[PDB]
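This report refers to the structure that appears directly beneath it.
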Amino acid sequence: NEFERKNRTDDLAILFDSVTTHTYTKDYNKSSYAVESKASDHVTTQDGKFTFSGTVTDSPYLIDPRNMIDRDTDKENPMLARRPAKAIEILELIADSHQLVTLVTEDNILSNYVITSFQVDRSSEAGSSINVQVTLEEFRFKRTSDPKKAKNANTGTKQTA
Amino acid sequence: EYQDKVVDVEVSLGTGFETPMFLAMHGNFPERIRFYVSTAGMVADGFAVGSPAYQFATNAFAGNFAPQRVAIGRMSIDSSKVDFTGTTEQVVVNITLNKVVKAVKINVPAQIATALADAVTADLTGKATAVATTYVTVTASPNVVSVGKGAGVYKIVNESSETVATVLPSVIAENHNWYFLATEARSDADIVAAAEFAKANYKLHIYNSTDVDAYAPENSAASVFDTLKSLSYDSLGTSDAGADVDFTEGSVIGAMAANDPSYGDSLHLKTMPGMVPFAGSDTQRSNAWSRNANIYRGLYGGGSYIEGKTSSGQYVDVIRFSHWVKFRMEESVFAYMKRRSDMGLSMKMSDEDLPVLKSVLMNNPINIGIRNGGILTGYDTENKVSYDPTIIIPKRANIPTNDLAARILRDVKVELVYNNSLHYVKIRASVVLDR
Amino acid sequence: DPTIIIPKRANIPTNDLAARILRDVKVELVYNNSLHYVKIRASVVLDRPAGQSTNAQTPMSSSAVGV
Amino acid sequence: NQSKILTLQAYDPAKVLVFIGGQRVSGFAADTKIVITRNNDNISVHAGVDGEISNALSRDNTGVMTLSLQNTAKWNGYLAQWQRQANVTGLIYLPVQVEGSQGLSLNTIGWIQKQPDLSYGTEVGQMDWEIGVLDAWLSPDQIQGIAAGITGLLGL
């Protein structure tokens, strides 16, 4: 329902040839000393983590052009298109520019997630393909503007401009 | 050929399915059909700004799914009129000899009507003529003359001795890589004739009508929409005040062209640039809805189309899908028979080769439909039936001997289920309090 | 199946023995036809696939009344 | 349909020619001359988390070729001498060709993998040489009417 909303210029979408596992986790911490008593404020929330493993192959089964990996991939010769190289070029640019990525998953939808690490390898087994791992964490983020929305600001001391 | 550079770089511009065909009245070229990629090319062909064909092309190229390449049909002209049944500067544009762009001006309806005729005569008057009668008629001599609206409230009305019912069999012969069909005449006789032709050739008909009877009380059947409804014709009709003057047919085509039929993309709430909201009251809109006359409505904080219901009653996106299934199933089976017959191993009715059609049909048309979401699949909990497509083929022990003499296989059957979109939602709630 | 028949010496007319001619050998064949034209009858459902009766009995092939 | 003869001429074991280095090999034994096999599958499949299947072609094509010989054949001595020479100097690669009869054939470069085990008993024994080969793709070659058939297959 929402995959069809993605165009080819603004809302770019990425689909992997296969995803093996994905895990989601959150953490909390509490004081290790007995509280004075209700003092239920002795707890804090950490950032949720998300990781998954995937693969990109020289012999794809589905080449839906809506995928940004398949922007200009040949229909009849997928292996000459060098799809695995296309994915890596995309992956580094997204991570390097620090984009706030949005994840669409089985159960829920996650937003404002940044990539902190990924790995690529080409082992002897599973030749003609690459295994990919990714890790993401939440981001608690908090001019031409309407004067009605403007607020008093500051710039400190200034010198000759 | 000899190339004088190791590298030659040119930086330049310009360059069921998409391409529409607009059947216009003109004489700017001898052929019956021509293709264009932009309104610029039509100007180079002597199309005056504001002319019927120009309005359609500019509207169709401005849509979110504009077609790649429009087509212009040619039907002969005998005379053209400029009607002034409403007035306030009434600039009009005339192009003669393909180069003489004489934009006539007038300002302030008989006075303006006669005044406009007088201004034309003051011109090149040696190539065109004008005469007032409220309206004023403009006639060419053997010279291409194009007349188009520049401003004001007047509307252009071209007239021709030729009939649409006879030209259409002609344009198809030249070329047939066009799916949408639209016409300029917009008379009751002309529209109906176009609708019948689209059936036998499997084309989609579109027309915008200014008739006030469209939203008249439902009990009153006097509009074109009622006639098509009775005849059970499929033609995406709609009511709009700009249906003339601006020929908003291009706007609707602009929303469907660049969109594969297999996705089942509904036309319910899409926005059409160029159209103007329908101002009728709630009762009027209900009347028009019963007519299957779609309306462009200015919605809460916006404006959007309402429904893609054809004259017969079925939603439009279904019709494109049904045609798209017809075309691909037909080419796929044929494309396989040639291969077998071109290797010397032509197909035989041996009951050992017929079953192969299970894979051929499931391969090209059917599976591509499922991956795109066009075709449903799964199981139903209340009807207890499954949605999986099925295919049945007859065995040699059932084909009558008459067919074997003629080498014909008939009575193959296929089954599909379509994925329906959502159009309306109606919440209901009740705030009961505990006791 | 193809069949072949060959005359026996008791059926050859005396004249053909003088002329040394054998005739009336007969063969039979059946030719296999190719396929030329095919017709399809597609159907597109909109609301629900057509339901069927719950009659799980084997369909009888003939009517009992025959007079 | 009725019965049909697959070919016109019968398969003949003596018509199968085996060449190692450039000389025909004689001295086969028992009821199995050669066995050609691969080491890995051509494609490995992986399941997804939402039904997708991803396939990856293999880029390793080495294989094994078991040669069965009597222990009274001179080619045993030839192979032993070659093994000793290869160990001393370093050259181990020699051409291998097998021309099958009414069947697939092979043409690649091979080497000696493992020396068999002798067994002196009451009867005459059997020694099985494992010869490893670089490429193990069998070629239709002699079989006719293959180029036309290949273009006949449909797929998408």
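In order, the protein sequences belong to chains L, E, C and I.
In case it helps, the authors' numbering puts the first sequence at residues 58 to 94, 97 to 201, 210 to 228.
In case it helps, the authors' numbering puts the second sequence at residues 3 to 17, 24 to 96, 99 to 118, 124 to 138, 141 to 150, 152 to 158, 160 to 454.
In the authors' numbering, each number is its position in the third sequence, counted from 1, plus 406.
In the authors' numbering, each number is its position in the fourth sequence, counted from 1, plus 2.
We treat Cβ as the ideally placed atom computed from N, Cα and C, and that holds for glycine.
Can you tell me whether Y62 of chain E is buried or exposed, with buried defined as 16 or more other CB within 10 angstroms of its CB? Walking along the second sequence from the start, residue 62 of chain E turns up at place 54. That one is buried.
Residues of the stretch 433-455 of chain C with Cβ closer than 9 Å to any Cβ of chain E, in chain order: For the stretch 433-455 of chain C, the set of residues with a beta-carbon nearer than 9 Å to any beta-carbon of chain E comprises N438, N439, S440, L441, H442, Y443, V444, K445, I446, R447, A448, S449, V450, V451, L452, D453, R454, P455, in chain order.
Touch check for the stretch 29-38 of chain I and the stretch 110-121 of chain I: three-plus C-beta pairs under 8 Å? Counting Cβ pairs under 8 Å, fewer than three are found: no touch.
Strictly below 7 Å CB to CB, what residues from chain E border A150 of chain I? As a position in the fourth sequence, residue 150 of chain I is number 148, starting the count at 1. Those within 7 Å of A150 of chain I in chain E are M362.
Please identify, using Cβ separations under 8 Å, the residues of the stretch 51-76 of chain I that lie next to chain L, in order along the chain. For the stretch 51-76 of chain I, which is checked against every Cβ of chain L, the residues closer than 8 Å are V51, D52, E54, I55, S56, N57, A58, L59, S60, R61, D62.
Closest to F30 of chain E by C-alpha separation, out of E:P38, E:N220, E:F64, would be which residue? The sequence position of residue 30 of chain E within the second sequence is 22, counting from 1. Closest by alpha carbon: E:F64.
Cβ-based burial, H224 of chain E [other Cβ within 10 Å; buried from 16]: Sequence index remark: in the second sequence, residue 224 of chain E carries index 205 (1-based). By the 10 Å Cβ count, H224 of chain E comes out buried.
Just tell me which of L:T110, L:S118, L:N171 has its CA closest to the CA of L158 of chain I. The residue given as residue 158 of chain I occupies position 156 in the fourth sequence. Out of L:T110, L:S118, L:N171, L:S118 has the C-alpha closest to the C-alpha of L158 of chain I.
What's the gap between the Cα of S242 of chain E and the Cα of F200 of chain L? Position 223 of the second sequence holds residue 242 of chain E. Position 141 of the first sequence holds residue 200 of chain L. When rounded, the distance between both Cα atoms is 59 Å.
With a threshold of 6 Å on Cβ separation, who are the neighbours of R181 of chain L within its own chain once the five nearest residues in sequence on each side are excluded? If you number the first sequence from 1, residue 181 of chain L lands on position 122. Result list for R181 of chain L: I189, in chain order.
Is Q458 of chain C close to chain E? Criterion is C-beta to C-beta, closer than 9 Å. For the purposes of this step, residue 458 of chain C is taken as the residue at position 52 of the third sequence. Closer than 9 Å: yes.
Tell me which same chain residues have a C-beta within less than 6 Å of the C-beta of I111 of chain I, skipping the five on either side of it? For the purposes of this step, residue 111 of chain I is taken as the residue at position 109 of the fourth sequence. Here the set comprises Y95, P97, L136.
I'd like to know whether the C-beta atoms of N72 of chain E and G273 of chain E end up nearer to each other than 9 Å. The residue labelled residue 72 of chain E in the question sits at position 64 within the second sequence. The residue labelled residue 273 of chain E in the question sits at position 254 within the second sequence. Pairing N72 of chain E with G273 of chain E gives a Cβ-Cβ distance under 9 Å.
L81 of chain I, enclosing alpha helix (DSSP H) - first and last residue: Numbered from 1 along the fourth sequence, position 79 holds the residue referred to as residue 81 of chain I. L81 of chain I -> alpha helix (DSSP H) spans 76-90.
For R205 of chain E, does the three-state DSSP call read helix, strand or coil? Residue mapping note: residue 205 of chain E aligns to position 186 of the second sequence, counting from 1. Coil.
Simplified DSSP state of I111 of chain I, which is helix, strand or coil: For the purposes of this step, residue 111 of chain I is taken as the residue at position 109 of the fourth sequence. It is a strand residue.
Which of the three DSSP states, helix, strand or coil, is assigned to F198 of chain L? Looking up residue 198 of chain L in the first sequence gives position 139. In the structure shown, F198 of chain L sits in coil (DSSP, three-state: anything other than H, G, I, E or B).
Is it right to say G388 of chain E is buried, meaning 16 or more other beta carbons lie within 10 angstroms of its own, or is it exposed? Against the second sequence, residue 388 of chain E aligns to sequence position 369. The residue is buried, with at least 16 neighbouring Cβ atoms inside 10 Å.
Helix, strand or coil at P97 of chain I according to DSSP, with G and I counted as helix: Along the fourth sequence, one-based indexing puts residue 97 of chain I at 95. Assigned with DSSP and collapsed to three states, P97 of chain I falls in strand.
Pull up the DSSP beta-bridge partners for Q178 of chain L, would you. The residue labelled residue 178 of chain L in the question sits at position 119 within the first sequence. Beta-bridge partners assigned by DSSP to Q178 of chain L: L:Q192.
Between which residues of its own chain and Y122 of chain I is the CB-CB distance below 6 Å, once the five residues before and five after are set aside? As a position in the fourth sequence, residue 122 of chain I is number 120, starting the count at 1. Correct list: empty, nothing qualifies.
Residue from E:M33, E:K445, E:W343, E:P38 whose Cα sits closest to the Cα of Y198 of chain E: If you number the second sequence from 1, residue 198 of chain E lands on position 179. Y198 of chain E has its Cα closest to that of E:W343, out of E:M33, E:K445, E:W343, E:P38.
Interface residues of chain E around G154 of chain I at Cβ under 9 Å? As a first step, residue 154 of chain I must be located in the fourth sequence, where it is residue number 152. What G154 of chain I touches in chain E: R358, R359, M362, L364.
One question on the structure: do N306 of chain E and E237 of chain E come within less than 9 Å of each other, judged by their Cβ atoms? Translated into the one-based positions of the second sequence, residue 306 of chain E becomes position 287. Translated into the one-based positions of the second sequence, residue 237 of chain E becomes position 218. Note that the C-beta distance between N306 of chain E and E237 of chain E is below 9 Å.
Contact defined as beta carbons within less than 8 Å: I believe residue 2 of chain I pairs with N41 of chain I. What is the distance between those atoms, to the nearest angstrom? Only positions 3 to 158 of chain I appear in this structure, which leaves residue 2 of chain I out of reach.
Candidates E:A214, E:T400, E:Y4: closest to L247 of chain E by CA position: Taking the second sequence and counting its residues from 1, one reaches residue 247 of chain E at position 228. Checked all of E:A214, E:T400, E:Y4; the closest Cα to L247 of chain E is E:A214.
Closest by CA to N58 of chain L, which one among E:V444, E:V450, E:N438, E:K445? As a position in the first sequence, residue 58 of chain L is number 1, starting the count at 1. Taking only the C-alpha atoms, the option nearest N58 of chain L is E:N438.
Could you work out which residues of chain I lie near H79 of chain L, taking near to mean beta carbons separated by less than 8 Å? The sequence position of residue 79 of chain L within the first sequence is 22, counting from 1. Under the 8 Å cutoff, chain I gives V51.
Does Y406 of chain E come within less than 9 Å of chain C when only Cβ atoms are used? If you number the second sequence from 1, residue 406 of chain E lands on position 387. By this cut-off, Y406 of chain E is an interface position.
Boundaries of the beta strand (DSSP E) in which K87 of chain L is found, first to last residue: Here residue 87 of chain L is taken as the residue at index 30 of the first sequence, counted from 1. Element bounds for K87 of chain L: 85-87.
Mind listing the chain L neighbours of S141 of chain I? Cutoff is C-beta to C-beta under 7 Å, in chain order. For the purposes of this step, residue 141 of chain I is identified with residue 139 of the fourth sequence, where counting begins at 1. Taking the beta carbon of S141 of chain I as reference, no residue of chain L falls within 7 Å; the closest one sits roughly 22 Å away.
Could you check the C-alpha separation between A146 of chain L and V115 of chain L for me, to the nearest Å? Within the first sequence, numbered from 1, the residue matching residue 146 of chain L stands at position 87. Within the first sequence, numbered from 1, the residue matching residue 115 of chain L stands at position 56. The straight-line gap from Cα to Cα measures roughly 8 Å.
Nearest-angstrom Cα separation, counted from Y406 of chain E out to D284 of chain E: As a first step, residue 284 of chain E must be located in the second sequence, where it is residue number 265. As a first step, residue 406 of chain E must be located in the second sequence, where it is residue number 387. Taking the CA atoms as reference points, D284 of chain E sits about 20 Å from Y406 of chain E.
Fully enclosed by the stretch 372-402 of chain E, which alpha helix (DSSP H) runs are 4 residues long or longer? List check, alpha helix (DSSP H) in window: 376-380, 386-390.
Could you list which residues in chain E have their beta carbon closer than 7 Å to that of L108 of chain I, in chain order? Looking up residue 108 of chain I in the fourth sequence gives position 106. In chain order: nothing, as chain E lies at least about 29 Å away.
Does the beta-carbon distance from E268 of chain E to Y315 of chain E come in below 9 Å? As a working mapping, residue 268 of chain E is identified with position 249 in the second sequence. As a working mapping, residue 315 of chain E is identified with position 296 in the second sequence. Annotated as distal: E268 of chain E and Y315 of chain E, with beta-carbon spacing of 9 Å or more.
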